[PDB]
file input-v3.cif (mmCIF, N, CA and C atoms)
data_entry
#
loop_
_atom_site.label_atom_id
_atom_site.label_comp_id
_atom_site.auth_asym_id
_atom_site.auth_seq_id
_atom_site.Cartn_x
_atom_site.Cartn_y
_atom_site.Cartn_z
N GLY A 1 53.12 -9.83 -312.99
CA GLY A 1 53.33 -10.79 -311.91
C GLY A 1 52.03 -11.08 -311.18
N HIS A 2 51.84 -12.33 -310.75
CA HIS A 2 50.66 -12.78 -310.01
C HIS A 2 51.10 -13.87 -309.05
N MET A 3 50.47 -13.95 -307.87
CA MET A 3 50.86 -14.78 -306.71
C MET A 3 52.36 -14.71 -306.35
N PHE A 4 53.06 -13.69 -306.83
CA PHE A 4 54.49 -13.45 -306.74
C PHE A 4 54.66 -11.93 -306.80
N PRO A 5 55.74 -11.36 -306.21
CA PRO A 5 56.04 -9.93 -306.09
C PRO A 5 55.22 -8.94 -306.92
N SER A 6 55.60 -8.63 -308.16
CA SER A 6 54.84 -7.72 -309.03
C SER A 6 55.21 -7.93 -310.49
N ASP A 7 56.50 -8.12 -310.76
CA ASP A 7 57.05 -8.41 -312.08
C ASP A 7 56.79 -9.88 -312.42
N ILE A 8 57.37 -10.80 -311.65
CA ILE A 8 57.37 -12.23 -311.91
C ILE A 8 55.95 -12.78 -311.92
N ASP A 9 55.55 -13.29 -313.07
CA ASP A 9 54.33 -14.08 -313.22
C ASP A 9 54.71 -15.51 -312.83
N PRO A 10 53.75 -16.37 -312.44
CA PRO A 10 54.05 -17.66 -311.85
C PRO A 10 54.93 -18.49 -312.77
N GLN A 11 54.60 -18.48 -314.06
CA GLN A 11 55.31 -19.29 -315.02
C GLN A 11 56.78 -18.85 -315.10
N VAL A 12 57.01 -17.54 -315.13
CA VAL A 12 58.34 -16.96 -315.25
C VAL A 12 59.16 -17.27 -313.99
N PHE A 13 58.52 -17.28 -312.81
CA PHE A 13 59.23 -17.69 -311.61
C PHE A 13 59.63 -19.17 -311.69
N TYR A 14 58.79 -20.03 -312.26
CA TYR A 14 59.10 -21.46 -312.34
C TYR A 14 60.04 -21.79 -313.52
N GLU A 15 60.22 -20.87 -314.48
CA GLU A 15 61.23 -20.95 -315.54
C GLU A 15 62.64 -20.68 -314.97
N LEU A 16 62.73 -20.10 -313.77
CA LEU A 16 64.00 -19.96 -313.05
C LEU A 16 64.51 -21.35 -312.65
N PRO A 17 65.83 -21.55 -312.54
CA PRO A 17 66.38 -22.80 -312.03
C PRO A 17 65.80 -23.11 -310.65
N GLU A 18 65.54 -24.39 -310.37
CA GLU A 18 64.94 -24.84 -309.11
C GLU A 18 65.72 -24.34 -307.89
N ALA A 19 67.04 -24.26 -307.99
CA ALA A 19 67.87 -23.73 -306.91
C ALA A 19 67.75 -22.22 -306.74
N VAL A 20 67.46 -21.47 -307.80
CA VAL A 20 67.17 -20.05 -307.67
C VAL A 20 65.81 -19.88 -306.99
N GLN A 21 64.84 -20.75 -307.30
CA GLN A 21 63.50 -20.62 -306.76
C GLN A 21 63.59 -20.75 -305.24
N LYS A 22 64.26 -21.81 -304.82
CA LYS A 22 64.62 -22.07 -303.43
C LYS A 22 65.27 -20.87 -302.74
N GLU A 23 66.26 -20.24 -303.37
CA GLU A 23 66.93 -19.09 -302.75
C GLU A 23 65.95 -17.92 -302.58
N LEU A 24 65.10 -17.66 -303.58
CA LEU A 24 64.05 -16.65 -303.50
C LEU A 24 63.02 -16.97 -302.42
N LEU A 25 62.73 -18.25 -302.14
CA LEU A 25 61.89 -18.61 -301.00
C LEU A 25 62.57 -18.20 -299.70
N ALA A 26 63.89 -18.38 -299.60
CA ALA A 26 64.66 -17.96 -298.43
C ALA A 26 64.78 -16.44 -298.37
N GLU A 27 64.87 -15.74 -299.51
CA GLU A 27 64.91 -14.28 -299.58
C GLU A 27 63.60 -13.71 -299.07
N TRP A 28 62.48 -14.20 -299.60
CA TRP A 28 61.17 -13.79 -299.12
C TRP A 28 61.06 -14.15 -297.64
N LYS A 29 61.43 -15.36 -297.21
CA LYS A 29 61.36 -15.71 -295.79
C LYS A 29 62.37 -14.95 -294.91
N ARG A 30 63.37 -14.24 -295.45
CA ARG A 30 64.27 -13.39 -294.66
C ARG A 30 63.94 -11.91 -294.82
N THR A 31 62.86 -11.57 -295.53
CA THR A 31 62.39 -10.19 -295.67
C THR A 31 60.91 -10.04 -295.24
N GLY A 32 60.17 -11.15 -295.10
CA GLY A 32 58.84 -11.21 -294.53
C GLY A 32 58.67 -12.60 -293.96
#
call {"tool": "encode", "arguments": {"input": "input-v3.cif", "output": "structure tokens"}}
result
Amino acid sequence: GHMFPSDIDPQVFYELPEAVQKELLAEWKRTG
């Protein structure tokens, strides 16, 4: 992983559905 947690590499995060990406932005914004 890079520019993202530790596992998720940028490409793998963007291979997630756009609505999952959004929810993870809210998860990160509700944990930091």
call {"tool": "atom_distance", "arguments": {"input": "input-v3.cif", "atom1": "atom CA of residue 31 of chain A", "atom2": "atom N of residue 6 of chain A"}}
result
14.3 Å
call {"tool": "axis_aligned_box", "arguments": {"input": "input-v3.cif", "around": "segment 6-22 of chain A", "padding_each_side": "3 Å", "output": "AutoDock Vina command-line options"}}
result
--center_x 60.8 --center_y -16.3 --center_z -309.1 --size_x 20.1 --size_y 23.1 --size_z 18.8
call {"tool": "select_by_dssp", "arguments": {"input": "input-v3.cif", "residues": "chain A", "states": "helix (DSSP H, G or I)", "output": "number ranges by chain"}}
result
A: 10-14, 18-29
call {"tool": "atom_distance", "arguments": {"input": "input-v3.cif", "atom1": "atom CA of residue 24 of chain A", "atom2": "atom CA of residue 4 of chain A"}}
result
10.6 Å
call {"tool": "residues_around", "arguments": {"input": "input-v3.cif", "residues": "residue 25 of chain A", "least_positions_apart": "6", "cutoff": "12 Å", "atoms": "only C-alpha atoms", "output": "list in words"}}
result
residues 4, 5, 13, 18, 19, 31 and 32 of chain A
call {"tool": "write_last_selection", "arguments": {"input": "input-v3.cif", "atoms": "N, CA and C atoms", "output": "PDB file, in the coordinates of the input"}}
result
ATOM      1  N   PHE A   4      53.060 -13.690-306.830  1.00  0.00           N
ATOM      2  CA  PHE A   4      54.490 -13.450-306.740  1.00  0.00           C
ATOM      3  C   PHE A   4      54.660 -11.930-306.800  1.00  0.00           C
ATOM      4  N   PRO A   5      55.740 -11.360-306.210  1.00  0.00           N
ATOM      5  CA  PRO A   5      56.040  -9.930-306.090  1.00  0.00           C
ATOM      6  C   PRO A   5      55.220  -8.940-306.920  1.00  0.00           C
ATOM      7  N   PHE A  13      58.520 -17.280-312.810  1.00  0.00           N
ATOM      8  CA  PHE A  13      59.230 -17.690-311.610  1.00  0.00           C
ATOM      9  C   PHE A  13      59.630 -19.170-311.690  1.00  0.00           C
ATOM     10  N   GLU A  18      65.540 -24.390-310.370  1.00  0.00           N
ATOM     11  CA  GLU A  18      64.940 -24.840-309.110  1.00  0.00           C
ATOM     12  C   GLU A  18      65.720 -24.340-307.890  1.00  0.00           C
ATOM     13  N   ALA A  19      67.040 -24.260-307.990  1.00  0.00           N
ATOM     14  CA  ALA A  19      67.870 -23.730-306.910  1.00  0.00           C
ATOM     15  C   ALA A  19      67.750 -22.220-306.740  1.00  0.00           C
ATOM     16  N   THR A  31      62.860 -11.570-295.530  1.00  0.00           N
ATOM     17  CA  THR A  31      62.390 -10.190-295.670  1.00  0.00           C
ATOM     18  C   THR A  31      60.910 -10.040-295.240  1.00  0.00           C
ATOM     19  N   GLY A  32      60.170 -11.150-295.100  1.00  0.00           N
ATOM     20  CA  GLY A  32      58.840 -11.210-294.530  1.00  0.00           C
ATOM     21  C   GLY A  32      58.670 -12.600-293.960  1.00  0.00           C
TER      22      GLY A  32
END
call {"tool": "atom_distance", "arguments": {"input": "input-v3.cif", "atom1": "atom CA of residue 12 of chain A", "atom2": "atom CA of residue 29 of chain A"}}
result
19.7 Å
